[PDB]
Amino acid sequence: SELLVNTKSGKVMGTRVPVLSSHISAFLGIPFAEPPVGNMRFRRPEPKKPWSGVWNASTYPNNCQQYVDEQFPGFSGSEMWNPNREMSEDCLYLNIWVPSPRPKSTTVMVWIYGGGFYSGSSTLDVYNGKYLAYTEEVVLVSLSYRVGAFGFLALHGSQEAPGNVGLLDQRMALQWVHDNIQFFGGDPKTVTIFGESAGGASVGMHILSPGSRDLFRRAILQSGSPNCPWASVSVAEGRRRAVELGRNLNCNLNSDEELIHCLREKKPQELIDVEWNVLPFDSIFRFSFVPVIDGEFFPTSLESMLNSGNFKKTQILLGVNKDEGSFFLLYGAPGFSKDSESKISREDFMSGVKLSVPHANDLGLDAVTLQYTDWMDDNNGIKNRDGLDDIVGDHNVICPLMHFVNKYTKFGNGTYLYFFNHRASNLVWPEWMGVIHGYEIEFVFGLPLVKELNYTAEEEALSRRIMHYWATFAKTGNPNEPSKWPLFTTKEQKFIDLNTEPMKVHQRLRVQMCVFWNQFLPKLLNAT
Amino acid sequence: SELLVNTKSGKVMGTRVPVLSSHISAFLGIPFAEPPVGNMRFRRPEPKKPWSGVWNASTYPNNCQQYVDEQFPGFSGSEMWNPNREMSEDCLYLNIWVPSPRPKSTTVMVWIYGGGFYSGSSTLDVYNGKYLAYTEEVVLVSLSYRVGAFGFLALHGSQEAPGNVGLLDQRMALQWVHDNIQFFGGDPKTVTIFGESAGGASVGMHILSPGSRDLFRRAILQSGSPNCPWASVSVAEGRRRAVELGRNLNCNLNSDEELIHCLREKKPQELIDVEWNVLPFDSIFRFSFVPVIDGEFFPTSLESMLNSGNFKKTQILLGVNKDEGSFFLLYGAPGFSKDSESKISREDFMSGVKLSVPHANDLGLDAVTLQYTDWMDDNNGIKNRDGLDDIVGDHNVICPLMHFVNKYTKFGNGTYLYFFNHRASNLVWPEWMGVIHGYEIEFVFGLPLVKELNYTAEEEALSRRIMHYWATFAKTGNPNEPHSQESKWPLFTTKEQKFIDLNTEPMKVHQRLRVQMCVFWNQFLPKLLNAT
Ligand SMILES: *[C@@H]1O[C@H](CO)[C@@H](O)[C@H](O)[C@H]1NC(C)=O
Ligand SMILES: *[C@@H]1O[C@H](CO)[C@@H](O)[C@H](O)[C@H]1NC(C)=O
Ligand SMILES: *[C@@H]1O[C@H](CO)[C@@H](O)[C@H](O)[C@H]1NC(C)=O
Ligand SMILES: *[C@@H]1O[C@H](CO)[C@@H](O)[C@H](O)[C@H]1NC(C)=O
Ligand SMILES: *[C@](C)(O)CCC[N+](C)(C)C
Ligand SMILES: *[C@](C)(O)CCC[N+](C)(C)C
Ligand SMILES: CC(=O)CCC[N+](C)(C)C
Ligand SMILES: CC(=O)CCC[N+](C)(C)C
Ligand SMILES: [Cl-]
Ligand SMILES: [Cl-]
Ligand SMILES: [Cl-]
Ligand SMILES: [Cl-]
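Conventions we followed
- All residue numbers refer to a per-chain count from 1 along the written sequence rather than necessarily to the numbering of the entry. Residues that lack coordinates are not shown.
- In the order they appear in the text, chains get letters beginning with A and ligands get numbers beginning with 1.
- Side-chain metrics rest on all non-hydrogen atoms present in the structure, leaving aside hydrogens and water.
- Only runs of H or I of at least four residues qualify as helices and only runs of E of at least two qualify as strands under DSSP, and these elements are numbered from the N terminus.
- The contact rule is simple, with two residues in contact once any of their heavy atoms fall within 4.5 Å.
- Note on areas: Shrake-Rupley, 1.4 Å probe, and residue coverage restricted to the protein chains presented here.
- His is not counted, nor are the chain ends, whereas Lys and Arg count as positive and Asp and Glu as negative.
- Where a charge sits is defined by one atom per residue type, namely NZ (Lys), CZ (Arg), CG (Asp) or CD (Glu).
- Relative accessibility decides the category of a residue: with a 1.4 Å probe and only protein chains considered, values under 20% of the type maximum give buried, values over 50% give exposed, and everything between is partly exposed.
- Identification of polar contacts relies on pairs of N or O atoms within 3.5 Å, with a donor-acceptor requirement for protein atoms, meaning one able to donate a hydrogen and the other able to accept it, and with residues adjacent in sequence counted only if both atoms are side-chain atoms.
- Paired strands, in this sense, are two strands between which DSSP finds at least two bridges.
- By convention a crossover is right-handed if, when the strands point away from the viewer, the path from the first strand over the helix to the second runs clockwise.
- UniProt positions are given in the numbering used here, feature names are shortened, and annotations may be inferred rather than shown by experiment.
- A carboxyl oxygen of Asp or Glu within 4 Å of a side-chain nitrogen of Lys or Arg is what we treat as a salt bridge.
- Residues are labelled near a given molecule or strand when at least one of their non-hydrogen atoms is within 4 Å of it.
- Each residue is assigned to one class: nonpolar for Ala, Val, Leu, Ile, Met, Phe, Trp, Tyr, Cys and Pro, charged for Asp, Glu, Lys and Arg, and polar for all the others, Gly among them.

What chain B contains, in helices and strands, is 16 helices and 16 strands. With the principal axes as the frame, chain B shows a C-alpha extent of 70 × 65 × 50 Å. Here the contacts in chain B between residues at least 6 apart in sequence split such that 75% fall between residues at least 24 apart. Total accessible area on chain B is roughly 19900 Å²; 49% of this is exposed by carbon and sulfur atoms. Here chain B contributes 49 positively and 58 negatively charged side chains, and the mean placements of these two sets differ by 7 Å.

Laid out in structure tokens, this is it:
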């Protein structure tokens, strides 16, 4: 049947789904690994053992155990990111949307959710893959992976909790696509992995990791890169946090086995409740359990790998949004509120930069401050707000990504950069937040194409050209079909704006600030 | 007889000089100290001892021994600053212009020339005081002082070459004005001291030094302040340079006595020839022999003195010109030329910053570079040229002056700040140099009032209001004339920090003169350089 597919691990029965007055095939909750429960917690994923009979792939799977945001109960702005189904450690599944009739050897796109490595689900409404698969006629896959301690507790040396298992889960899902996508009409030789935030950082890390390189063809990174300051920690820092987690839960800390056995006896919510207690400083845009530079998944430091060109050489398409920092300021910085313009006093501004650059010394903080303060009008609350907004976005997303784009381009086979700066007309967040981190996703997934969501006609057209840029890129390595999106080159360094107005080409995206963040500040903190 | 005056040191005979269809009395070349020659070299000045008969004061005196600029032979733009009289170690004299008929007890203004403490003359044509004294009816005095090694060689400890003697020469001329100016019609209780560049730093130094404070009423500083990076050195650096001068002349360096004795046997031109070799690094806007923080003329560090209010509290009027650094870039920075647009390559831009901030470590250099570089267009020759111009101007003159003004105002009794940004219609220097360091002086001294000089009608008016501002300030401590119709020059307050532009257009009030860059130079950079 069109809905009955035999994979290498067993049979799966999909379901016919409606989409824009038509239909496509959907296979939800297909297991790609053995449930990482009990003694398998913190351990590398194990391939899913074959099963007899037909697997019911008609409904979404459980979401992985994670911290749940309850800042604004009932508010769709924050809740659209929360797990929309039962949470469970048995959460390693993937979803597939296939156009009907089933194509032959068509392009495949694999989505990797973000969420700072401490959260995220493959089942969110905004990640619904039916519109993109249909409109662009590609086989769209969305995977899952352990987040939080469950996926990144790192005790280098141990094989029970080596760290990076969340990334290894992602790899096993890609390995599964490599071996079974052909049975759903997909071409395993033309797979594009794409993700946002932590998902973008993940895509980037797979580009770097030798063990992942052969599992995909091209990549798309949205508002995230492997070198982001929050995306990874050293084995030493990973160990300290892991040990501090045990301490918080009164664990025997005599050895790794004792520490691990203790942590494995605790219930999921017990770990999550103290998850944030292991951070070394008071800060924002910083997460407890993230990937570790182990010398295994990551041969050597990310920078040395980027300078030597030790990574997959292919085509990449990446970009950022206009206001990457607002979301995190709102949750952890004084003076910010969801129900006000949020004019930031000078005192709160100071507090904010400290929170934004926890690792910096006083001289470093003075540098950031001077770099972002207009001394002809320092008591302007709006400028202090926008300034803090830029500080968080530039340091955590934009500049780290530009550093990545410039390094990759020297060895890559084609780079396409974008600057998404369109403010959705039906946004539920306040205006001061601007073009928020993660809100280009709804456009990438074609949400504007559904009338009921009340988007403007201009936004629908915008979403359509964005999906076509992504799809066309996925299948050829060029977002343009034979206004052309120019190729980012080391010399001209061009990029385009992504909004409802006719395309505009620019050069050197926020080069001034990024010179500060990528060269001066690092040098300053190293010398002092 | 207007021209015949008897001072505490003897009689003097002035001369009647014409001025704008009228006339005034001029007393030129009056001695105020003993010739600091022979064994006097490097030593503190000594009061001129009484003389008999009438001293002929109808001609300008000699200029002090100094380096002479021969970069552009025949070029007026540079030569107008060179000595226009014979040089000699016997140069401690002063000139005086007195309105005619002789006033009874009027306002006095004393001019202190600049020149980096290594040059300068009281006799230059641009300092001719007849126009100002005549138009504003004030008694105008022009003093002189030893420059270069002769006036600032410092070997702390010794009493033969203690340092700051050039500053002491200035003080002695002030002591003379205090004791004798009343005989020329001026009020010794109402003396304003004003100077440009090094002259400006000097005025600021007298405001600070306890030994100078009671010798004047108010002060005007033009493009210069005591805290400028080039205006002084530590006793240690002073000794280093002093010893380095001897080494450059095969002098016996076994002791101060022998070192000094050796340097005193040398001809003037001999010291001058190697003057520049004693500098720490290759640089621009840096001079070999300047005032030293000795603990005597200067009780403690200039900064601690400014923070504690340890200085004369009165009214001050100061400011800067739009393009303070162009003059120095032209002379010592690669890529600059008098006969070209001077578009600076990135390579030369880098070299210039190294030159402009010679005391900075690699980190400090990157900081400066980043602060003045538009990374969206880094190869723009013009932006690179102007960027260097701003770097040199902000670091050496503007920001140090803003630091001074903000600290002084916390204790002062009245601050007036200006921003001179008028490019004279008859400038001989190239367009890229803009409003040059020192070119506000011609307006201050009324040169625009003489037709043959070809200044525009609007420049004459500008000169007249500037002279009136200076004089009125000298007389009352406020450049504004009460209940007058003209726009008012507002006071500079720690809170509003107001200042006016000084040009041919109607007055404009602004606030926080170059705060952005000055916060960088006065707060951030020092912290960075202090780190390690
Ligand atoms: C698969 O599961 C869905 C939801 O639980 C159920 O409606 C459906 O009948 C199941 N498949 C069959 C027909 O066995
Ligand atoms: C990609 O590689 C091919 C051959 O390997 C080369 O012909 C092409 O120019 C490259 N494209 C870019 C823009 O690097
Ligand atoms: C003073 O010097 C001037 C200039 O040389 C001269 O004209 C005048 O006669 C001199 N006075 C006397 C009598 O010495
Ligand atoms: C200057 O001092 C006098 C006398 O104490 C005082 O009345 C006046 O307000 C002061 N003016 C300023 C501007 O400080
Ligand atoms: C990124 C750090 O992974 C943050 C992603 C945040 N959401 C809210 C868009 C999921
Ligand atoms: C100041 C450093 O003393 C420079 C004065 C230079 N002139 C050319 C205006 C005399
Ligand atoms: C955007 C987020 O929900 C940040 C996480 C908030 N806590 C630190 C309070 C858990
Ligand atoms: C500011 C000056 O004109 C510098 C004097 C010239 N040398 C350094 C070459 C002697
Ligand atoms: Cl629908
Ligand atoms: Cl639920
Ligand atoms: Cl290239
Ligand atoms: Cl300042």
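This part is about the side chain of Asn-499 of chain A. Residues and elements named next belong to chain A. Relative to the helices and strands, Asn-499 is located in the loop between strand 15 (494-498) and strand 16 (505-507). Classification of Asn-499 as buried rests on a relative accessible area of 12%. Within the structure, the side chain of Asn-499 is placed 3.1 Å from the side chain of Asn-421, a separation counted as a polar contact. Side-chain polar atoms of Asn-499 contact the backbone nitrogen of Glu-501, separated by 2.6 Å. If sequence neighbours within four positions are ignored, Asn-499 has contacts with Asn-421, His-422, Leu-462 and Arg-465.

On to the pairing of strand 7 (residues 106-112) of chain B, then. Side-chain direction in a regular strand flips from residue to residue, so the side chains alternate between the two faces of the sheet. All names here are of chain B. Most of strand 7 sits out of view: seven of its seven residues are buried. Direction of pairing for strand 7 relative to strand 9 (residues 186-196): parallel, over a ladder of six bridges. Across the sheet, residue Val-110 finds its bridge partner in strand 9, namely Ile-193. Sheet topology places strand 7 next to strand 8 (residues 139-142); four bridges connect them, and they run parallel. When the bridges of strand 8 are listed, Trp-111 appears paired with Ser-142. For the crossover that starts at strand 7, traverses helix 2 (residues 130-136) and ends in the parallel strand 8, the hand is right-handed.

All names here are of chain B. With numbering matched to this structure, UniProt assigns "active site" to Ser-197, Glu-324 and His-437. These annotated residues cover 241 residues of sequence, but their C-alpha atoms sit close together, with the largest distance between any two at 10.0 Å. Structurally, the position occupied by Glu-324 is in the loop between strand 13 (316-321) and helix 10 (326-332). For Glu-324, a relative accessible area of 1% puts it in the buried group. Once you skip the residues sitting within four places of it in the chain, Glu-324 turns out to touch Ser-223, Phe-285, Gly-393, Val-397, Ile-398, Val-435 and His-437. Polar side-chain contacts of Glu-324 include one of 2.6 Å to the side chain of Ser-223. Along the chain, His-437 turns up in the loop between strand 14 (415-420) and helix 14 (441-444). Owing to a relative accessible area of 9%, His-437 belongs among the buried residues under this scheme.

Our focus in this paragraph is the pattern of salt bridges. Counted according to the given criterion, the structure contains 45 salt bridges over all chains. For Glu-160 of chain B, the salt bridge is made with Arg-264 of chain B, and the minimal N-O distance between the two is 2.8 Å. Remark: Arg-264 of chain B occurs in helix 7 (residues 256-265) and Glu-160 of chain B occurs in the loop between helix 3 (148-152) and helix 4 (165-180); sequence separation between them is 104 residues. What makes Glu-160 of chain B partly exposed here is its relative accessible area of 30%. Bridged by salt links that share partners, the residues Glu-34, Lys-48 and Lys-49 of chain A form one connected network.

For the rest of this paragraph, the subject is unusual backbone geometry. Here the amide bond leading from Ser-100 of chain A into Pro-101 of chain A is cis, since omega sits at 0°, within 30 degrees of zero. In this structure, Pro-101 of chain A sits in the loop between strand 6 (93-99) and strand 7 (106-112). For the peptide bond that leads from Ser-100 of chain B to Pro-101 of chain B, omega is 0°, which places it in the cis range. Phi is positive for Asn-454 of chain A, which is not a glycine, with a value near 55°. Position of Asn-454 of chain A relative to the elements: it lies in the loop between helix 15 (441-444) and helix 16 (457-476).

In this section: the site of ligand 7. Residues and elements named next belong to chain A. Around ligand 7, the neighbouring residues are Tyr-67, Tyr-118, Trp-276, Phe-327 and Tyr-331. Considered on its own, ligand 7 offers 330 Å² of accessible surface; in the complex 68% of this is hidden by protein. Tallied by class, the residues present in the shell around ligand 7 amount to five nonpolar, no polar and no charged.

Time to look at the UniProt feature "active site" in chain A. Residues and elements named next belong to chain A. Feature annotation in UniProt places "active site" on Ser-197, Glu-324 and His-437, given in this structure's numbering. As for its position among the elements, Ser-197 is in the loop between strand 9 (186-196) and helix 5 (198-208). With relative accessibility at 5%, the residue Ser-197 sits in the buried group. Structurally, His-437 is set in the loop between strand 14 (415-420) and helix 15. With sequence-adjacent residues up to four places away left out, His-437 is seen in contact with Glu-196, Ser-197, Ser-223, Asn-321, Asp-323, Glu-324 and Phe-328. Here the side chain of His-437 touches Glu-196 through a polar contact of 3.4 Å, side chain to side chain.

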